[PDB]
Amino acid sequence: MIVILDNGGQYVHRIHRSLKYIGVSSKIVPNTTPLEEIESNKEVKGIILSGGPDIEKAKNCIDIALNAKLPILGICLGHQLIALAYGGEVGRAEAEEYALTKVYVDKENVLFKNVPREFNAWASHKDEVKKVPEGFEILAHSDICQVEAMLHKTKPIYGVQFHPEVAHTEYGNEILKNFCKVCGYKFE
């Protein structure tokens, strides 16, 4: 199963339901849950750091991003938290508003397998990754966001600025499916 850290955003339940829909179990836990309690249960195959409003009140995600021995997906705030954790930079970009963003996939990566190189994703751009951490690379961009997605070149850590877990993201479930594949699931 996948543990979802609830960073307080309103789509946390859409993560659980989207995963269940492709036949993966998941559990929403408070974002203050210690990494050591998550990793005590060998049933936990991966961690998703959800979207939420305040990075200061998701400080515990920094420890999980740095020190977890399981695959991680950061969604919006989770993406930004991964960035900060590894000494990248994060800041205000555009106005607050959810919009369909045309996203370009810039390289061949496991996270976007069976996703067209061009797809519409549901995203806010209140905040964005400004400098990608050392030893990470950009997987995707839009006209307004240089870092729509990134991965750790040597750990199984993935960041998306957008929300794959809402139906408004084309191939959103596919992107979740792909992360689950890194976490040991097969979808034959």
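Going by what the header records, the deposited coordinates were determined by X-ray crystallography, 2.5 Å.
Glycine too: its Cβ is placed from the backbone N, Cα and C atoms.
Copied from Swiss-Prot, the annotated features are:
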ACT_SITE  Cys76  active site, nucleophile
ACT_SITE  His163  active site
ACT_SITE  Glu165  active site
Return only the integer: C-alpha distance in Å from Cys76 (active site, nucleophile) to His163 (active site). 7
Going along the chain, which residues six or more apart from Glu165 (active site) have their CB under 8 A from its CB? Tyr11, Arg14, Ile15, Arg17, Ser18, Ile75, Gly172, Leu176
Ordered by sequence, the long-range same-chain Cβ contacts of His163 (active site) under 8 Å (at least 6 apart) are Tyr11, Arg14, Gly51, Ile75, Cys76, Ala121, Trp122, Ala123, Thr169, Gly172
